[PDB]
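Whatever order the structure lists ligands and atoms in, that order sets their numbers, starting from 1. In what follows, residues are counted from 1 in the order of the sequence shown.
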Amino acid sequence: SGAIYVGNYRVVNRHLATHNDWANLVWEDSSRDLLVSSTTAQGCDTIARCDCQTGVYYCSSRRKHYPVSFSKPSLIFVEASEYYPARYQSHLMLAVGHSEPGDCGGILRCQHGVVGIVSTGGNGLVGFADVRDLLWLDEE
Ligand SMILES: NC(=O)[C@H]1CCCN(C(=O)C2(c3ccoc3)CCC2)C1
Ligand SMILES: [Zn+2]
């Protein structure tokens, strides 16, 4: 579990969004596993605006932050799960690391701020849904 809190926005994994998130919806994209809902109070996370490919992520199943190298956001095939059929997930970045059911939502950060959140796992890999292209998160 986990979310990004920037301005009056809450960014979560679309497959983990609560009934309250859907009742206060701003934007969602199934192909990216992302959902953004509105908030009353202002958040303090800063979104990275960069092309960094090294950062640190939080892994809840190990209670540990890991430094990782990660690939550029791409269209990657993700196996069928209880949340989605087998499909290409877009804006996804992979790293060699630990990720198991329960780790989605963990923040990936670089020197510039928040890069994205854990969205995939298994096979000794971790996938992160990129949020650096969502420039609108910084305004309105
Ligand atoms: N974005 C998606 O389509 C994911 C939805 C949740 C499940 N997904 C995973 O990759 C798995 C996982 C491992 C660790 O966290 C999650 C489930 C076994 C691998 C796929
Ligand atoms: Zn960066």
Within the side chain of [X], is there an N or O that forms a donor-acceptor pair under 3.5 Å with the backbone of [Y]?
| X | Y | result |
| --- | --- | --- |
| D29 | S31 | yes |
| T39 | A41 | yes |
| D130 | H91 | no |
| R132 | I47 | no |

Salt bridge (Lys or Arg N to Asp or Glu O under 4.0 Å) pairs touching residues 60-74, sequence neighbours excluded, are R62-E100
Using the rule given for salt bridge (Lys or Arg N to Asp or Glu O under 4.0 Å), can you reason through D21 versus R10, listing the C-alpha separation, both sets of side-chain angles and the distance that settles it, and then say yes or no?
CA-CA 8 Å; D21 285 320; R10 165 169 143 104; 2.8 Å; yes
Anything under 3.5 Å between a donor and an acceptor, one on a side chain of residues 106-121, the other on a protein residue two or more places apart or in another chain? List them.
residue: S119; atom: OG; partner: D33; partner atom: OD2; Å: 2.6
residue: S119; atom: OG; partner: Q89; partner atom: NE2; Å: 3.0
residue: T120; atom: OG1; partner: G127; partner atom: N; Å: 3.3

Table of N or O contacts for ligand 1, cutoff 3.5 Å:
residue: ligand 1; atom: 1 (N); partner: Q89; partner atom: OE1; Å: 2.8
residue: ligand 1; atom: 1 (N); partner: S119; partner atom: O; Å: 3.1
residue: ligand 1; atom: 1 (N); partner: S119; partner atom: OG; Å: 3.1
residue: ligand 1; atom: 3 (O); partner: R87; partner atom: NH1; Å: 3.0
residue: ligand 1; atom: 10 (O); partner: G121; partner atom: N; Å: 3.1
residue: ligand 1; atom: 15 (O); partner: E100; partner atom: O; Å: 3.4

Could you grab the protein N, O or S atoms closer than 2.8 Å to the Zn ion (ligand 2) for me?
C50 SG, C52 SG, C110 SG, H112 ND1
For the residue pair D103 and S61, confirm or rule out a side-chain donor-acceptor distance under 3.5 Å.
yes
So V126 and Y57, do their side chains get closer than 4.5 Å, heavy atoms only?
yes
